[PDB]
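The structure appears right after this line, and notes come after that.
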Amino acid sequence: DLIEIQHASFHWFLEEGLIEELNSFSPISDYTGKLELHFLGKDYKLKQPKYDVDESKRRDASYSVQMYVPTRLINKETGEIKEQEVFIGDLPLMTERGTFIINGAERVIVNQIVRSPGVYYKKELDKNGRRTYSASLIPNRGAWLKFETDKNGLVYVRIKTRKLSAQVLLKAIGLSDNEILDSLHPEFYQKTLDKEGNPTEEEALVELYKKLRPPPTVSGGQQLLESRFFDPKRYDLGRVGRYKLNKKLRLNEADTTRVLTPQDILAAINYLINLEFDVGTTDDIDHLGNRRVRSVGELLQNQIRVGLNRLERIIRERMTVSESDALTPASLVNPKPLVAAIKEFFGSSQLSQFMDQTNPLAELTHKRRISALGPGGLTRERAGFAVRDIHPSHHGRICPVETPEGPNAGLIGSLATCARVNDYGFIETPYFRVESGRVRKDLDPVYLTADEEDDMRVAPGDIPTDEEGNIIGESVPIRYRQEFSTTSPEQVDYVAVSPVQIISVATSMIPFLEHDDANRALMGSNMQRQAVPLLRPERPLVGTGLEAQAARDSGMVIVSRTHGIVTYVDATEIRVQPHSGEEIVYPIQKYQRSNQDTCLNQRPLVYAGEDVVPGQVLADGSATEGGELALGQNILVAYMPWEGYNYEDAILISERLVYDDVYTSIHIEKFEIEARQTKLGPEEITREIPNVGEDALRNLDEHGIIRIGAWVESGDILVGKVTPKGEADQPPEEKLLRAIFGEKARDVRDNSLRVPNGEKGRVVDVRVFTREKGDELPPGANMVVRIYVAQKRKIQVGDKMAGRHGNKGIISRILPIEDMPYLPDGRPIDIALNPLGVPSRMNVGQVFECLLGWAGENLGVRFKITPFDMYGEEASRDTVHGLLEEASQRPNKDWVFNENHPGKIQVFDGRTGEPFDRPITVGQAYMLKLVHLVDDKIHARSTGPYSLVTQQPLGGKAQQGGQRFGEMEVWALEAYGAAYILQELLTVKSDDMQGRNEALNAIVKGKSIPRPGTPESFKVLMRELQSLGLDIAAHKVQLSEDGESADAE
Amino acid sequence: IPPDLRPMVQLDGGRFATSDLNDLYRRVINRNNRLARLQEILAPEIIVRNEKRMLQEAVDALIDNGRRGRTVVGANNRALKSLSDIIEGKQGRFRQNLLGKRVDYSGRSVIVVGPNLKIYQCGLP
Amino acid sequence: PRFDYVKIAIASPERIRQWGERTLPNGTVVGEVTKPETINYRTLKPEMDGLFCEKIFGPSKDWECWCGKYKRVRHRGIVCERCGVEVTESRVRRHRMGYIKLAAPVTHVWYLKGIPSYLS
Amino acid sequence: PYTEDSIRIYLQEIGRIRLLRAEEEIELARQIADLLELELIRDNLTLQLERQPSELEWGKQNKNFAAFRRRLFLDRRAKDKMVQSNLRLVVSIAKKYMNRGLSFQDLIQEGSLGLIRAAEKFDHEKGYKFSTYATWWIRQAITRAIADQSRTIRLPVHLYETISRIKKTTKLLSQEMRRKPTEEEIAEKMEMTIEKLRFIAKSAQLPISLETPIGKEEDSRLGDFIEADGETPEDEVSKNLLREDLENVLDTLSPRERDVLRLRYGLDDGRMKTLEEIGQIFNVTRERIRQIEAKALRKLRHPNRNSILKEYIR
RNA sequence: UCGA
DNA sequence: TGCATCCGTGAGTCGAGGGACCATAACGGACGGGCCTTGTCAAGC
DNA sequence: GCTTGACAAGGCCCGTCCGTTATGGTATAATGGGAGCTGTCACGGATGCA
Ligand SMILES: [Zn+2]
């Protein structure tokens, strides 16, 4: 299973994470001691949800459950036990795909990588001086212990504040002079004991309080130090903090997990002194053995911990004011601070991200992202060069290729294919045991938790092995202590289980990965997660074979579980019968809206009367073919330059891709309107709207709302809504115009929902959610109407297409089939790609892919080639050229392979009919269609809305915004002679309530006027500087007159 | 400041969209009316001294929030926008509204290569 | 208009109150903010003393005062004797500045905590 | 030592003052009660001494005037001692209120205003302690401070009792009706209409800030998506083009007929005039200006020389 | 977060 | 009078997306009748 | 080409009605606050510490 960091994490929270939080919260007491409240956390209910999975997405709700615990309220003096179940909070459940539904939108919880708790030592040179060793005891939650060591044998303890001597903390926790020196070399400790005095057990708590809290008190020094490291519910090492203390310092005690042991502070000082004696290891901060990951089971444990602490303040403020008895325990627990704590984590936190649902490849990748940012991780400004590079401990755990380019280059990683996280939070990799030069591929792997660095010798999965005898190679390259070396095959210990263990699940879909560059393989893995689901997908011919596993783990593929006989198959359900209440129904969704405006259509695959197996595809998804995944189409390609139509990364396609419904996707948009409550009068949805005739009232059913199946275009009316007005401030021009022809204006105003510019399609869902029907509504709303419009988009000029090797491009021309070049059998060419971008970017694998897919086209065999071989030069060139020779041995196909030029044939011109001078490489390429279509990039504005303060035009496609003329754009016009264009762009086009009126009136009348006025943004800055206490004004230097000018008035 | 430079509009749901200048102006007048109340009823001098210290901190947080003391917050845990924090930053009035503006009669689109054309000529939809 | 140079100086307390107090046909001036109230919760109209007051910064709507009875374009340039709001355009609100009279002096934070602390 | 936390500075000046005993609260209350009768005489004498009782001492009725100032200074020091020493009680009460609307600094200053009022109304003859009676006045001045401050569009004091009354009835209906809540059951037990309850829920909404980040980063704010309350220049330009065409059909009429339609609706003057004010500047009485405008509006409705005022109907 |  | 330590100042440009309680008196808008003020209708000077 | 009595329509004006709103009070005793900062790099002053 590829999703185990989400399913096993939420399963741990429902049985171990929720029980541990309620056991530490209980019991609580009052100020006097009259009654006590303790919970029973291990007997909670977790009742049934309210709505369905598909119903919660359209009703704008969350798939959540109610949490109830039994609560026993006892009293100290009077014997009474009050058992009652009290509501705790709303907990959203994880769906079957591993996601959550928050406010009708599907969301994921990205796993965040942080540092592991423990002690870490570091050699630091602050200046050109001696060698200083530092320390840092990091807990899971609480204060930090930073031990430093200066020159001349002075070890200090810093607990944010100023540093202090090591004897001050070591004596205040409770110790003797003989219990320190017996377990310490004590000759180095005499230099820090001379210039520190010699305090007793009570002569150190007073001096500790004088420097931390600057009167000292004998009772104040004990309450300050115990609350930092020794008090419960304020300092936590964690289950993994106790494990890292017993490994580094080699401690004998274990299973403490709550209180910091004072013997552990003595062991951290002893390891720091011995670092000057050239013994001990300096820890690394970028090592994956020191870096942990956490998931939904751990991140939810911190939100209930800060949510129950707010509940502890109200539970102690209600058992003291009410001095009377006979009170119910259900009124002591207020669920309001804990409901708002869970709702803030799932909807308002940064780590809960919007789920990418373009294709099943992006859904599987987004659940396995390893990001180093979040509330407790790193910062965008605090990220440096060392944290973004690849550590040598990332071999097989984190993918070195798949990472987003730009700002987050290296901070957001991806988990590898065979990687696995244990219960402690460390990434593990499987390895096969090698015994005396023989790979023992018979038993289960070892799953080493990054402990193979300083102990084991690990070989990758690329060495030639024999059939159970020995290893063929005499020099095996291995890795030992983060360095590569070639040793004997009898000296190795472990070997990798797969050659795709290093790369992730999205990089493994690229065939011939070893022939492509690592920079273009980064782009090829990112463009595969943006491919739209087509209308009829097609499986690739040069697939790697891992597409079948990624389709079943995405959750959008109906699988069988019963091993039965299929009875009834239609377009909505599949009914089988289980055998060794026997009729289950598998529902099939038809054209459901996704998050990225794509389709989630499922098609039936099986027929009636067929034996099935557990793990068989019953119904494939939208971007999924039969069994395996399918994100694009296999069509003909040719690497030849046309007449400037493929000049700089441009694509020339044919007309055959248009009328054959190739690269044709279905996009479903969703519109929203609401009949709110205006204080002047309630708004309602009517059909008789003013100033709109029969040109737009054709699809309404006398209710103001459109019908199902009506073709809407740009500028129509979906929901006709009116709004009452109470202005009554008519100008004298409109009063004279209305008095002539009559037709007195009504009190309503047309606020109908309309279709935006460049939008069309067919309406498929006109679901209306009103009150008194069984659904909750937001306050200040009478009727909520939701309109879903689906449209069928073909492939056009301006769309961005790409392949699996980073050869992205934008189509500039769609030629007919008689103008495209044609093969010597008469078959035309679909895509005419440019061969100039190939040798400059090292995209060699895309030439191996098309030449192998052309061999699979004439044979019809659908090759499955795994990456990272076999014999050198005999597995990539002679595989392609050897299989192209077999396709040429057919009696009908003799023109496929040539002896002089192997990977080339003769191509004829379509316009003139003459052959070209040189042979051209042809093949069957697998191209994808990305989400960056030409329809979403069109924006234009003449005059629209304006800003609130600066009175400048707004910015945005969805709100009719204007393009920003920034500071780099002024410097280009200032370097030109364009002074009148610069004054026009800053005055009459932005921030002038007077200059915009006269400039617009000049074009309609036909006589332009010069000299625009003062812009509004300068007068805002003039009033802001006067409010800062600065007498700033503008004057005139005219003859015998120095007067201030009034820019505002 | 004039009230249009600290605008108070109402959203569609009924909530008001106030500015951070209104919360910093209200802290000055609430601590100034309390100081005039304590000086009238002959308050103890330990309360008048503490009231004048908070009046000193209210104006300094209004001018430059976080310059001398701690940064005051509101409902959300972000920093409040003072009078000086709207002109010095990258998102201030100088670098986002004076040197660079959003212009009218503008638009954008993706570009494709046009052959069989000339220079000083572009394709416009 | 057209200006030739911009000069910046330290604002005296007689200069800050010059922007605040405005001439009104009455006995006293009303251009001082004394209350922290902005608007009303029942109606969307401001109060007669506050940060959004109409007697200090001007009328909220065009040619309409706060109390009523002056909601026409006929009255231009007069002040209502019942309320005190000048009947003029609504664009005058972004040009008028009030003032807050303090009960204790307060040092400026730019001159004290600045570099190199010109107050010290 | 130098520090920056102003709450730590004020808490150090509180702890430097010794607390009062049980017998010292009775002693200081007698001088405050002696100060109550001293200010009541001055409040009764200021209505007949031209509001200037600086030397008018009715309590004495060089040695008597010096002893009167000694008793006035000693009585004001007793009220100075009772409020200053009981400042630890204000911190213990205001620490349970520093989460709703105000900070911890503003609650101690508002709670100290209730400690002054508790010192004047403290009656030592009843026998109760000072900490029992002053708790009712510190908690009253803190709760009144959240009702009057800590909100931009502030709500009255009686409205906060109405919101707290709905929250007690909704919790009451949750015990009787365990599932399926509604809004009509809450308005029935409150004896109010269904339209008043929508006004309570709208006024109880907290205001949002204009500079809050609406995304996952600090790239955009809330003020970038909010339109201004102003008319677009497309309606202000065509308003000027309406003057060029409305005055075109008026120049073809009579000069007497054009003068009636301009001053009536408010053209070329900025002010609307009635029918009687046009009749007083002319030598012709009523019922002529009405039938002239009835004749002027009749000829403009005919399809003759008025074809440009056809698509102006909005 | 994602494109150049 | 020179050497450490701390604090304040900077760190690319565009576009898309999503997102406590109660009692009592003062204050003010709503409702209703009276009073001119204003628009309209049919003949008659 | 103008003029006069008649018939309602409606805006202010001035009373009261009751919801709304500002203000003061309650008596066992109660007496110093929480919530993060701990992985950025470079330069320029300003203390301060010998
Ligand atoms: Zn008025």
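Ligands are numbered from 1 in the order shown, residues from 1 within each chain, and chains are lettered A, B, ... in the order they appear in the structure tokens.
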Shell around residue 109 of chain B at 9 Å using only C-alpha atoms (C1' of nucleotides), local window under 6 positions removed, as an MDAnalysis selection string:
chainID A and resid 934 937:940
Just need the residues of chain D within 6 Å of chain B, counting only C-alpha atoms, so spit them out as a PyMOL selection string.
chain D and resi 80+207-210
Counting only C-alpha atoms (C1' of nucleotides), which residues from chain D have an atom at most 12 Å from any atom of chain F, and could you show them as a ChimeraX atom specification?
/D:136,139-140,142-144,157-158,160-162,164-165,212-217,220-222,225,274-277,286-287,289-291,294
Kindly work out which residues sit at most 12 Å from ligand 1, using only C-alpha atoms (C1' of nucleotides) and all ligand atoms, and give the list as a list in words.
residues 48, 54, 55, 58, 59, 63, 64, 65, 66, 67, 68, 69, 70, 71, 72, 75, 78, 79, 80, 81, 82, 83, 84, 85, 86, 87 and 88 of chain C
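Every protein or nucleic acid residue with an atom no more than 12 Å from segment 2-6 of chain F, counting only C-alpha atoms (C1' of nucleotides) and leaving out same-chain residues fewer than 2 positions away, appears here: residues 126, 127 and 162 of chain A; 8 of chain F; 45, 46, 47, 48, 49 and 50 of chain G.
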Write the residues of the selection above to a file with N, CA and C atoms (P, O5', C5', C4', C3', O3' and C1' of nucleotides), as a PDB file, in the first residue's frame.
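Here's the written file part_12.pdb:
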ATOM      1  N   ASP A 126      33.247  30.774  17.157  1.00  0.00           N
ATOM      2  CA  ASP A 126      32.622  32.092  17.101  1.00  0.00           C
ATOM      3  C   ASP A 126      33.564  33.127  16.500  1.00  0.00           C
ATOM      4  N   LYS A 127      34.865  32.972  16.723  1.00  0.00           N
ATOM      5  CA  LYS A 127      35.865  33.869  16.161  1.00  0.00           C
ATOM      6  C   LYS A 127      37.144  33.072  15.936  1.00  0.00           C
ATOM      7  N   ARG A 162      20.556  35.287  30.030  1.00  0.00           N
ATOM      8  CA  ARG A 162      22.001  35.268  30.200  1.00  0.00           C
ATOM      9  C   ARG A 162      22.458  33.923  30.753  1.00  0.00           C
TER      10      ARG A 162
ATOM     11  P    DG F   8      15.704  47.052  18.315  1.00  0.00           P
ATOM     12  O5'  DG F   8      15.915  47.631  16.840  1.00  0.00           O
ATOM     13  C5'  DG F   8      16.446  48.938  16.663  1.00  0.00           C
ATOM     14  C4'  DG F   8      16.947  49.133  15.243  1.00  0.00           C
ATOM     15  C3'  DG F   8      15.943  48.763  14.146  1.00  0.00           C
ATOM     16  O3'  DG F   8      15.779  49.854  13.247  1.00  0.00           O
ATOM     17  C1'  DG F   8      18.052  47.754  13.735  1.00  0.00           C
TER      18       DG F   8
ATOM     19  P    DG G  45      27.816  53.816   9.811  1.00  0.00           P
ATOM     20  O5'  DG G  45      27.516  54.405  11.267  1.00  0.00           O
ATOM     21  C5'  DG G  45      27.772  53.612  12.418  1.00  0.00           C
ATOM     22  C4'  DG G  45      26.552  53.560  13.318  1.00  0.00           C
ATOM     23  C3'  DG G  45      26.766  54.126  14.716  1.00  0.00           C
ATOM     24  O3'  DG G  45      25.558  54.693  15.206  1.00  0.00           O
ATOM     25  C1'  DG G  45      26.307  51.812  14.868  1.00  0.00           C
ATOM     26  P    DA G  46      25.598  55.745  16.419  1.00  0.00           P
ATOM     27  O5'  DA G  46      25.374  54.841  17.720  1.00  0.00           O
ATOM     28  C5'  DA G  46      24.128  54.188  17.925  1.00  0.00           C
ATOM     29  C4'  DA G  46      24.155  53.351  19.193  1.00  0.00           C
ATOM     30  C3'  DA G  46      24.872  53.994  20.383  1.00  0.00           C
ATOM     31  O3'  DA G  46      24.065  53.893  21.549  1.00  0.00           O
ATOM     32  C1'  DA G  46      25.705  51.818  20.004  1.00  0.00           C
ATOM     33  P    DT G  47      24.089  55.060  22.653  1.00  0.00           P
ATOM     34  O5'  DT G  47      24.352  54.286  24.028  1.00  0.00           O
ATOM     35  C5'  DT G  47      25.552  53.543  24.208  1.00  0.00           C
ATOM     36  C4'  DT G  47      25.246  52.112  24.613  1.00  0.00           C
ATOM     37  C3'  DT G  47      25.769  51.709  25.986  1.00  0.00           C
ATOM     38  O3'  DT G  47      24.928  50.716  26.559  1.00  0.00           O
ATOM     39  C1'  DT G  47      26.869  50.439  24.333  1.00  0.00           C
ATOM     40  P    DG G  48      24.798  50.596  28.157  1.00  0.00           P
ATOM     41  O5'  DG G  48      26.133  49.830  28.599  1.00  0.00           O
ATOM     42  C5'  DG G  48      26.247  48.420  28.415  1.00  0.00           C
ATOM     43  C4'  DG G  48      27.666  47.957  28.696  1.00  0.00           C
ATOM     44  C3'  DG G  48      28.372  48.716  29.826  1.00  0.00           C
ATOM     45  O3'  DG G  48      28.454  47.947  31.098  1.00  0.00           O
ATOM     46  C1'  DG G  48      29.809  48.331  27.937  1.00  0.00           C
ATOM     47  P    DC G  49      28.732  46.354  31.210  1.00  0.00           P
ATOM     48  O5'  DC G  49      29.985  46.058  30.262  1.00  0.00           O
ATOM     49  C5'  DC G  49      30.471  44.729  30.113  1.00  0.00           C
ATOM     50  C4'  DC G  49      31.990  44.692  30.182  1.00  0.00           C
ATOM     51  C3'  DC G  49      32.592  45.101  31.534  1.00  0.00           C
ATOM     52  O3'  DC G  49      33.539  44.126  31.966  1.00  0.00           O
ATOM     53  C1'  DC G  49      33.635  46.280  29.776  1.00  0.00           C
ATOM     54  P    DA G  50      33.930  44.013  33.520  1.00  0.00           P
ATOM     55  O5'  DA G  50      35.087  45.103  33.713  1.00  0.00           O
ATOM     56  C5'  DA G  50      36.458  44.709  33.707  1.00  0.00           C
ATOM     57  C4'  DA G  50      36.940  44.419  32.296  1.00  0.00           C
ATOM     58  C3'  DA G  50      38.452  44.408  32.124  1.00  0.00           C
ATOM     59  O3'  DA G  50      38.817  43.518  31.077  1.00  0.00           O
ATOM     60  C1'  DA G  50      37.538  46.197  30.886  1.00  0.00           C
TER      61       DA G  50
END
Pick out the residues sitting within 12 Å of residue 1 of chain E, and hand them over as a list in words; count only C-alpha atoms (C1' of nucleotides), and ignore anything fewer than 3 positions along from it in its own chain.
residues 350, 351, 352, 353, 354, 355, 356, 366, 404, 406, 407, 408 and 412 of chain A; 215, 216, 217 and 219 of chain D; 16, 17 and 18 of chain F
Residue neighbourhood segment 22-34 of chain G, 8 Å, only C-alpha atoms (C1' of nucleotides), exclusion window fewer than 6 positions, as a short mmCIF file (atom, residue, chain, number, x, y, z; two decimals) with N, CA, C and O atoms (P, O5', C5', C4', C3', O3' and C1' of nucleotides), in the first residue's frame:
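New file around-v1.cif:
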data_model
loop_
_atom_site.label_atom_id
_atom_site.label_comp_id
_atom_site.auth_asym_id
_atom_site.auth_seq_id
_atom_site.Cartn_x
_atom_site.Cartn_y
_atom_site.Cartn_z
N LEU D 11 3.42 45.28 38.52
CA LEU D 11 3.30 44.24 39.53
C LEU D 11 4.40 44.33 40.58
O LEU D 11 4.21 43.81 41.69
N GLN D 12 5.53 44.95 40.26
CA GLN D 12 6.58 45.15 41.25
C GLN D 12 6.24 46.29 42.21
O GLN D 12 6.62 46.23 43.39
N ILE D 14 3.19 46.97 43.10
CA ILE D 14 2.10 46.47 43.93
C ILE D 14 2.65 45.66 45.10
O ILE D 14 2.26 45.86 46.25
N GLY D 15 3.58 44.75 44.81
CA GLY D 15 4.16 43.89 45.83
C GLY D 15 5.07 44.58 46.82
O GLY D 15 5.39 43.99 47.86
N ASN D 86 -4.94 47.72 48.56
CA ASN D 86 -5.81 46.65 48.09
C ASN D 86 -5.72 46.44 46.58
O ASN D 86 -6.69 45.98 45.96
N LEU D 87 -4.58 46.75 45.97
CA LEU D 87 -4.41 46.60 44.53
C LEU D 87 -4.12 45.16 44.12
O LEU D 87 -4.22 44.85 42.93
N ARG D 88 -3.75 44.29 45.06
CA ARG D 88 -3.58 42.88 44.73
C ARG D 88 -4.91 42.18 44.51
O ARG D 88 -4.95 41.14 43.84
N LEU D 89 -6.00 42.72 45.07
CA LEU D 89 -7.32 42.15 44.83
C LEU D 89 -7.80 42.44 43.42
O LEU D 89 -8.59 41.67 42.87
N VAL D 90 -7.34 43.54 42.81
CA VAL D 90 -7.75 43.87 41.45
C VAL D 90 -7.08 42.94 40.45
O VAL D 90 -7.68 42.56 39.44
N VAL D 91 -5.83 42.54 40.72
CA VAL D 91 -5.10 41.65 39.82
C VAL D 91 -5.67 40.24 39.89
O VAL D 91 -5.75 39.54 38.87
N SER D 92 -6.13 39.81 41.07
CA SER D 92 -6.70 38.48 41.22
C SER D 92 -8.08 38.36 40.59
O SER D 92 -8.53 37.24 40.31
N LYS D 95 -7.54 38.88 36.27
CA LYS D 95 -6.85 37.80 35.57
C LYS D 95 -7.81 36.77 35.01
O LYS D 95 -7.41 35.96 34.17
N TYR D 128 -18.95 43.49 57.92
CA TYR D 128 -18.34 42.68 56.88
C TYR D 128 -16.95 43.20 56.54
O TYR D 128 -16.61 44.36 56.79
N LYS D 129 -16.14 42.32 55.96
CA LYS D 129 -14.78 42.68 55.58
C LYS D 129 -14.79 43.56 54.33
O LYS D 129 -15.78 43.63 53.59
N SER D 131 -12.80 43.06 51.74
CA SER D 131 -12.61 42.22 50.57
C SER D 131 -13.91 41.58 50.10
O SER D 131 -13.99 41.13 48.95
N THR D 132 -14.94 41.53 50.95
CA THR D 132 -16.23 40.99 50.54
C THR D 132 -17.03 42.01 49.74
O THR D 132 -17.66 41.65 48.74
N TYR D 133 -17.00 43.28 50.15
CA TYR D 133 -17.79 44.30 49.47
C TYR D 133 -17.10 44.85 48.23
O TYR D 133 -17.78 45.19 47.25
N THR D 135 -15.26 43.22 46.15
CA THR D 135 -15.30 42.26 45.05
C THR D 135 -16.50 42.51 44.15
O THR D 135 -16.42 42.30 42.93
N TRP D 136 -17.61 42.98 44.72
CA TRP D 136 -18.79 43.29 43.92
C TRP D 136 -18.61 44.54 43.07
O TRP D 136 -19.30 44.68 42.05
P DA F 26 -35.75 61.52 35.32
"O5'" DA F 26 -35.02 61.65 33.90
"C5'" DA F 26 -33.60 61.61 33.83
"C4'" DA F 26 -33.14 61.08 32.49
"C3'" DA F 26 -33.59 61.89 31.27
"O3'" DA F 26 -32.47 62.22 30.47
"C1'" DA F 26 -34.06 59.58 30.97
#
List the neighbours of segment 95-103 of chain C out to 6 Å using only C-alpha atoms (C1' of nucleotides); skip same-chain residues closer than 3 positions along the sequence, and give me the result as a ChimeraX atom specification.
/B:1-2 /C:20,31-33,57,92
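Using only C-alpha atoms, the part of chain B that sits within 6 Å of chain A is made up of residues 1, 5, 99, 100, 101, 102, 103, 104, 105, 106, 107, 108, 109, 112 and 115 of chain B.
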Please, which residues of chain B, numbered as in this document, come out strand (DSSP E) from DSSP, as a PyMOL selection string?
chain B and resi 9-10+16-18+101-102+106-108
